[PDB]
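Student: What follows is a single structure, and I will ask about it in a moment.
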Amino acid sequence: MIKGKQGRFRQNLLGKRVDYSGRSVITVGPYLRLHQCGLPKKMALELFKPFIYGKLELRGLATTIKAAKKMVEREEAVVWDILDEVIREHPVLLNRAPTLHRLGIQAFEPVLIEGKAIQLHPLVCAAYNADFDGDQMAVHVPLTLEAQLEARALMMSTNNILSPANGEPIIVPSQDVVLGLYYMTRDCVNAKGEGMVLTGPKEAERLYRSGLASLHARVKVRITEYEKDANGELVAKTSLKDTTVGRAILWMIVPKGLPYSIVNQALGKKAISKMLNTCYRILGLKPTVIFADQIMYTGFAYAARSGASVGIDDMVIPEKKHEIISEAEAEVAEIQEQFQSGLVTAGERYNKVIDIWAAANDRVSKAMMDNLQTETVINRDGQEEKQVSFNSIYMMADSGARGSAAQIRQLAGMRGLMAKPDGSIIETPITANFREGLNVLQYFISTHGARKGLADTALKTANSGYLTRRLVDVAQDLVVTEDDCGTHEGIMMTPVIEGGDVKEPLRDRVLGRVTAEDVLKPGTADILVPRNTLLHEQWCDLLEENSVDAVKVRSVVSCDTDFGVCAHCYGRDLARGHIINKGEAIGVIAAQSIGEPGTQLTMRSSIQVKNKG
Amino acid sequence: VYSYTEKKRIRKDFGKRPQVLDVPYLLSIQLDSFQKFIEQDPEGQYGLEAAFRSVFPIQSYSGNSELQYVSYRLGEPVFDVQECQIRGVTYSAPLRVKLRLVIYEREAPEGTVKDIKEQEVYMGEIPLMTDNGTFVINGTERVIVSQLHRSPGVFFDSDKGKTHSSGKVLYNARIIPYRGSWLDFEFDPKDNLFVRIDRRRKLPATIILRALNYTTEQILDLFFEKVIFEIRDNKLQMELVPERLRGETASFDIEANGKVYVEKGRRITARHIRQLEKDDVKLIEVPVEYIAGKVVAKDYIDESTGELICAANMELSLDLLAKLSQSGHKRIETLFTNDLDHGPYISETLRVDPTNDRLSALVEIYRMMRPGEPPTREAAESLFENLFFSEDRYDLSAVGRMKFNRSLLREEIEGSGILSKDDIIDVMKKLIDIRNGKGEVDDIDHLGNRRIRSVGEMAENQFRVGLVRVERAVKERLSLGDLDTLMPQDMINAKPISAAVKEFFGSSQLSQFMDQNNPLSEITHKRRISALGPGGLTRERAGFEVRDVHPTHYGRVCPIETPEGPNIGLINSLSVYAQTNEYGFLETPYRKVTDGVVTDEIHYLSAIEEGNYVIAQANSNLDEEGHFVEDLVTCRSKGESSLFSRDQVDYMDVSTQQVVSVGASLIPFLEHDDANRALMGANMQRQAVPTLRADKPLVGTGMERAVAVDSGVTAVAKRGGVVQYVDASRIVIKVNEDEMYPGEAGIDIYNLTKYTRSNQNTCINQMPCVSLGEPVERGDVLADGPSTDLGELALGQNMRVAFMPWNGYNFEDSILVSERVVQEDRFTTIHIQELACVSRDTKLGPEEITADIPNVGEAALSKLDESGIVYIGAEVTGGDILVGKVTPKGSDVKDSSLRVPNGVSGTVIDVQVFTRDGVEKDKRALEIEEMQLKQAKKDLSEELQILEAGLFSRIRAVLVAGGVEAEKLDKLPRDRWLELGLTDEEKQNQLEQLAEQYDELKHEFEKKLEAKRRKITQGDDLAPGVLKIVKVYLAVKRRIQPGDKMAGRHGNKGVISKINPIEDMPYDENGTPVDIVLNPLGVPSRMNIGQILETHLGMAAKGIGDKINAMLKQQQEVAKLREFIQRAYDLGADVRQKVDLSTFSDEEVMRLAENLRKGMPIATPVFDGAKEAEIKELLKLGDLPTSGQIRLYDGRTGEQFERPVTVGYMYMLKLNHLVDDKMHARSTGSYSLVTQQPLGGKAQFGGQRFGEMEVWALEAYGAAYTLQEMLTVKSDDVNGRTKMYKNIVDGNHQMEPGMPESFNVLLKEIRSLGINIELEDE
DNA sequence: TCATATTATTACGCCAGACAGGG
DNA sequence: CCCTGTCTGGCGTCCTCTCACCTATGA
Ligand SMILES: [Zn+2]
């Protein structure tokens, strides 16, 4: 009754079953602002029975408690106004069932739903690892007043816009919205309204809506970008940018301080992520929340206007694919004719066959990748001119919405050399993609390769979860409990180099960590930075300009604090811009941030210089 | 030619390869196994006769009486299957066994017995199988799932790397019997051979040789060859066959015949062996340093002194040679211990052995097996002679002896079930050979090494357990038997056999509850091959390789239909064409290929036969003769897919469906999907609910017909003919005369099972699909079951789907649905709930069934009668009352009255009541008694009259050869009829023959109706104990709503997000809205591109349907329809279908075109499907654009979507994960007993488990107060939660926390040890 | 009904941790 | 007496939903 997974510790004292809680299937609802979620009326009237009882007893409609329970058992016409007056400013904790890190419990404000499904704002889904293929979430109600304030001030979904494992934003726009942006801010060499001049972004959207120009048609506009070059003062500079119609329409949504060159490019997924990141580093939190919502709304709207389907003709077969396969078949014929006459060894034969099928696979991938990335060739006022294609699967790949090089490779080019479960590769590849039909043997080899992957994930998840458990129980105690340990020791952060090109730069390792002694400028004996400064982005840029060798920085393992970690030897807060506060549990967020990517990890001569120096 | 429901709607069948072997009956594993179990099969194998011929005749220990066997039988079941499911009894049969007791006198092995007695005794009841492969165990309908276990017979396993931490391989060898003790041999890293029995302690293995009465010299004769040292002129020369020097270093001077052959230093090559064989070199003189390391073979004794020189297996030194040379033993036999090949493993094991003779070997084996209790001669000898060598407790079966002789390369395959000396010695020899290098190991995933148990084998093993218990009981009663005052039921007892066989059929890991929501799901739960179960591996332990697909699965096990999660690849599903071998292995069909011409004869192979041959591929182009049109063809030799010549192959695959199963060969365009999404597609396709209106997949594979027939959910006609079609109650089929028996005039009356409960609360319902007066053939379907449409298989429905992002409402995998889907009720499924109410006599008198419901007012007596219980039908919801069932003294009354659960609605469709003999008021119980009483007689006479009408006419019909006088035959009406003489010439006794029929009809009807009333007149039929037994069947009708789950056949899951109006849908320029919008972004990542080809080909199918709907609505004479139908059925490449359409009588064209105006159905088979050019060509026959993509406008803005989008028809299914079975919320209610925390689940009104990682997530924030109320006030602390509820309803959000109760439970459980845990200072 | 009290299967995979054996 | 096979214990993912089945004996 004590030990085990089902004893008292792991089953009734660390985890408890909980009143004022609910559970249902999730769905999208993209009209939401990212601090609010949809919550059904039936669940809302069940979870908030005591607040409704208290409200009903305050008005004077009833007398005893029984009367109120009969009123909400009957659900009369007056308790729905009571319910909209108990919801209004009362957050709830939404929780997806495998919570791995702290962004899997977030607090929203309810918006009542005719329905029986929790409507969950889409950007927030990338935090929960929540798709909508049958998922379920639990709602919990903060009862007391300190818990409502903790849900609004610590656990609100507007407050979690950076992942605590690093500095990367977690409210990155996921899949439909990056397709809507990548189709919006792009260009083509001729459209309606090529090379006309526009007096502002407002009439750019007016020309797109009336039907006189196209969403991607290159155009000189006059935009007024606000650069804040003074000390907190926004200076207007207006100019004519040679841009498109879609870039001006998306400029109507960008806040004041960002420059126009954040939208002047094509805006895949990495570019929109660093757009939101530069907005958070410059303009702070509230413009970044409202701008994340306006990004999501305009991405959904112009992805709807795009009509970006997928067809059977979109997967363009290379015309050179069959001759490449016949040249590889002639090469394996030469190698096996040498094998009949015994000139070569068996291992060298197997190595030569795997090498020519790897070379033919790379050539087929380059043939289809040229045939997709520049297939469109349209003329403008004369001879032809080429451009990047508006093929649907190519925009779904190039935008980074869903797809890569490998998946679009397997839908058009040959799908490689699949490997048998012995671990060694199979010498006869799967020369047929998915647009052509796989025959029987090729699909069976494919099933070898995919059954191994499903078995690996379904057995990998147990070790990933047990690793997170061991990590949060070794951490478990360590709380930021001082402000300075008063030391001069700390580890020597250098960039890491394995022997190829320099892998992880110093700005990734010494971003937001407080230096141990003051870094000498690389010239001679200068106090470039002082000895207890947090290295945020401005300091790291003045480190990259001076090409600083390596920084002696303060590390947690050198902290002199008895029973805890001081506030300087930890570093930056990582989801807050400042230093770690006195109190915030860093052992648990650290253990979750190491063990949470446990699913994505796998389970089962001489020196040649490259550069010149 | 076609049958008559085949000419209704003949599906356009793509497919180029002519099929040679039609699909076998898909439930043949279950049916053939259980038909083997119960069948009167003389020669004894296999069945119940094997059990009775093993256990009988029982003779006691010289008790001079020997009960023997004659014959067995199974009587009728007392309950047919329907009333058996209704009542709750098992569907069983009584097992009537004839037993013949003969009793001897003194001294009669040969003497005649003094007395006999014989009777048809009754032992157990065995559960029979329903005709569809199911059991009915206790009211519920269960399925035994066929196991996949290791075969009996020897296995040579390696375990090459992990032990010893030194890279040294071991080699063990397991002799797995079908029944009995396990014997394993195994090396250890000191290169010594060890035996262990039943995974016990480790004995050095040659002791088992010393247990088989082998001396040391005989063992060394077996495992070693002799090298002969002859005492000669000098230095004791050596016989040397040159094979023994292979690969070793020449230590000495190799010379003979006055010639130096090989000098010292160089290794001996095979050319030197050829020199020694050409030069005929045997005898060479050795130095004394050569014999100074070798080991003697046999014993030698000094002759004159009379003592021992050396024991066998002793290494030799020079002074030992001085001992044995001077005595007079001229021959010296040494053991050739080659370090390369012939290792000295047995000899070093003999050096490890602490034993010397046979008796100490048996004493050490007995001290291993049974410790503590002493080892005496009789006890140890009986132990070891009944370990392996008696027919009782050790039995390799026929499978085991076949594998045992096959793995040792024996010639024969049939032998005795026990082992012998030579078998154990051969296993040790093959293990030593594998260590030496020759021969190799076996793998365990190889399906030639992996047998299938099925229903008959498992029930036979449990029945044999019951029979050995009843024979120990018969041996008990007989030695205490007094004669002649007992007859054979004081000896025998029906209890242990029935107990064991109901233990297996009720509570086993394989007799499990049938997934019954779908015809597919029934027919693919019956074809399931589980690795789990008794004697097999477990879910949470193993492994990686047994969860993985091995190259012997090609055509035996489906590669892609295995459930994802904790058991992947343990719950494999059987392929389409794969039968089961005689021994239980998996044999699959192949086409025998003698020479260039591929012959149409089939021939079945298993994996231990598939390796030797060379087997072709299913789709390799052969034209008009069977000759492979290439000179090279892809085949597979020994699990290796490789390219071979035109004329080397011996077999070809039969058909191209044969790799996959019946779940994942219903997916069209399987070959274009990814493997992962085909797995998710098949596993979700098992989960579909039956819709209210079944709708014919436009893009099918043609295997829908075989699944919908072979799963017994449709009423397939037994005998062909016409129809009478009363049908409100039953289809009545008049039988054509050729299929009709001479006696038993006979017309077939099919029972339609109307609205009733499935095992997954779905609705199984049959509807007649034939009209009145319409010809049907044998094997044709008559009534469409759940999820069937004219004999095809209609799981979901086909809807117009656009691929586009639509305003974010289909973001990750969500699905946006029009209102035209929910207005038409085209997913509005029907669920049925059984609810029981009983009024058991717990304590303080019995409970009561009365409407006079207390405290509760004129809100109890409402949907019920004046005597209590729900009054049937009605629009009942949640919080209603169905069965008033409350006791007094329980001003002390209460409300246990079974009500309707919270959140559900419905209509009471049926009320069953076999209650405590008394449920009645003053008369409803007996009121209905008279109703049924008069009902029976009516139909009884009616049926007789029905036949009488047919017979009367038949009398006159035959009345021609013996009185055709039409005006002299219409005498008496209901009195007599025929009255004429005949004599001889032609036999016209027909009148007499039919006279007996009517005479017997009335005579039997009376008796038939005599028992009817007898059966009618009764309290009711059920078991005892339970008193008030009221079951009420609600039927909720759930429509579709934001939150349900839909999915196609390709793995495209979706939670339907927004239920749009019709106006806001994307309409094309023709005006029709699209029904369902999916999302294109799923398609490049999830590489299931087959849903797009299904979309385009379904678009083309409905294009033909719209074209026929125009040609038939704007009505044309049938020449233009038959021309367009002929063009639609020719269409393209060389196919198998074409049609013979000009023989459809100018009406069967029109009835076909009436059944095609919703869309022309297209069969795209599994791997030989429709190519893309045929999709384009079919889209050109309909007037649709060739790209598959139409420009679509927006319903909101009226303006065109740029870049035209894909619209087509995908067959989308509604899975039974409905959102108002998942929605749940809890504020406050009931909790558990032991702990003070809330209960768990939905059926218990309970709250969410706020688990461990959520607590770590709140610790990760600063949520200290949220966590404090999350584990103290909201959950556990009783004073805290009552103060909090009062604080909330006063308007004061403040918690008074206290200490959790489960921590004080922890303190008392820790303190209830010898542990003093406390709570210190303030 | 009201005290009487425990036997004839094996088929995980590391990975620490303690123990008798022997150069 | 310091290496050493060998044996014994102790881990092995969270959340949820549906169903059935529960010791023999006995004057
Ligand atoms: Zn410190």
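Protein chains in written order, with the numbering used here: chain A, 1 to 613; chain B, 1 to 1322. By construction, the Cβ of each residue, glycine as well, lies at the ideal position given by its N, Cα and C atoms.
#1: Tell me, please, which residues DSSP counts as bridged to B:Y69.
#2: State yes or no: is the C-beta of A:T487 nearer than 7 Å to some heavy atom of ligand 1?
#3: Taking A:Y182 as the reference, which of A:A397, A:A67, A:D19 has the closest Cα?
#4: Name the chain A residues that come within less than 7 Å of B:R1311, Cβ to Cβ?
#5: Quick check: B:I29 and B:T524, are their CB atoms within less than 8 Å of each other?
#6: Quick one: which unbroken beta strand (DSSP E) runs of 3-plus residues sit fully inside the segment 66-129 of chain A? Chain order, please.
#7: Cβ closer than 7 Å: which chain B residues qualify as neighbours of A:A304?
#8: So if I threshold CB-CB distances at 7 Å, which residues from the segment 207-224 of chain B count as touching chain A?
#9: With a threshold of 16 other CB atoms inside 10 Å of the CB of B:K1053, please say whether the residue is buried or exposed.
#10: Taking the alpha-carbon positions, what's the B:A93 to B:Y69 distance?
#11: What does DSSP give as the partner residue(s) for A:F51 in the beta ladder?
#12: Compute the minimum distance between the beta carbon of A:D560 and the heavy atoms of ligand 1, and state whether it is under 7 Å.
#13: Go ahead and pull the three-state DSSP assignment for B:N1279.
#14: In whole angstroms, what separates the C-alpha of B:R464 from that of B:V501?
#15: Would you mind working out which of B:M458, B:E243, B:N676 sits nearest B:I1089, comparing C-alpha positions?
#16: Going along chain B, which residues have a C-beta under 8 Å from A:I579?
#17: Run down chain A in chain order and give the residues with a C-beta less than 7 Å from the C-beta of B:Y1261.
#18: Run the CB neighbour count on B:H550, radius 10 Å, all protein chains shown included, and call it buried at 16 or more, exposed below.
#19: With 16 other CB atoms within 10 Å as the buried threshold, where does A:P98 fall?
#20: Please determine whether the Cβ atom of A:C569 lies at a distance below 7 Å from any heavy atom of ligand 1.
#21: Which residues does DSSP list as the beta-bridge partners of B:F229?
#22: Which residues, in chain order, does the segment 549-573 of chain A contribute to contact with chain B at a C-beta distance below 9 Å?
#23: At a CB-CB cut-off below 7 Å, which residues of chain A make contact with B:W1256?
#24: Assuming contact is defined by CB atoms lying nearer than 8 Å, are B:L318 and B:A292 in contact in what I supplied?
#25: Output, in sequence order along the chain, the residues in the segment 432-455 of chain A whose CB is closer than 8 Å to any CB in chain B.
#26: With 7 Å as the limit, tell me which residues of the segment 609-625 of chain B have their beta carbon closer than that to any beta carbon of chain A; keep them in chain order.
#27: Put B:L193 into one of helix, strand or coil per three-state DSSP.
#28: Can you look up B:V689 in the DSSP assignment and give me helix, strand or coil?
#29: Please determine if the segment 353-366 of chain A and the segment 1034-1045 of chain B are in contact, where contact requires at least 3 C-beta pairs separated by less than 8 Å.
Tutor: Reading from the atomic positions:
#1: Partner(s): B:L99.
#2: Yes, Cβ of A:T487 sits closer than 7 Å to a heavy atom of ligand 1.
#3: Among A:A397, A:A67, A:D19, the Cα nearest to that of A:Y182 is on A:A397.
#4: Under the 7 Å cutoff, chain A gives no residues; its nearest Cβ is about 11 Å from B:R1311.
#5: When the beta-carbon positions are compared, B:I29 and B:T524 stay at least 8 Å from each other.
#6: For the segment 66-129 of chain A, the full-length beta strand (DSSP E) segments reaching 3 residues or more read 92-96, 105-113 along the chain.
#7: The answer, in chain order, is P805, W806, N807.
#8: Answer set for the segment 207-224 of chain B: empty.
#9: B:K1053 is buried by the Cβ-count criterion.
#10: C-alpha separation (whole angstroms): 20 Å.
#11: Paired residue(s): none; A:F51 is not in a bridge.
#12: Yes, ligand 1 has a heavy atom inside 7 Å of this Cβ.
#13: Residue state, collapsed to three classes: helix.
#14: The straight-line gap from Cα to Cα measures roughly 10 Å.
#15: Taking only the C-alpha atoms, the option nearest B:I1089 is B:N676.
#16: Under the 8 Å cutoff, chain B gives no residues; its nearest Cβ is about 15 Å from A:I579.
#17: Near B:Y1261 (Cβ distances below 7 Å), the residues of chain A are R102, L154, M155.
#18: So B:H550 ends up on the buried side.
#19: Around the Cβ of A:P98, a 10 Å sphere holds fewer than 16 other Cβ atoms; the residue is exposed.
#20: In this structure, A:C569 has its CB closer than 7 Å to one or more heavy atoms of ligand 1.
#21: Beta-bridge pairing links B:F229 to B:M238, B:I332.
#22: Cβ proximity to chain B below 9 Å picks out nothing from the segment 549-573 of chain A.
#23: Against B:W1256, the close residues of chain A are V472, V588, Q592, in the order they occur along the chain (beta-carbon pairs closer than 7 Å).
#24: Judged by their CB atoms, B:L318 and B:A292 are nearer to each other than the 8 Å cut-off.
#25: Of all residues in the segment 432-455 of chain A, only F434, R435, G437, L438, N439, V440, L441, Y443, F444, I445, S446, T447, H448, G449, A450, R451, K452, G453, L454, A455 place a beta-carbon less than 8 Å from a beta-carbon of chain B.
#26: Look at the segment 609-625 of chain B: the residues with a C-beta under 7 Å from a C-beta of chain A are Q617, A618, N619.
#27: B:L193: strand per DSSP, three-state reduction.
#28: Secondary structure of B:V689 (DSSP, three-state): coil.
#29: Segments in contact, no.
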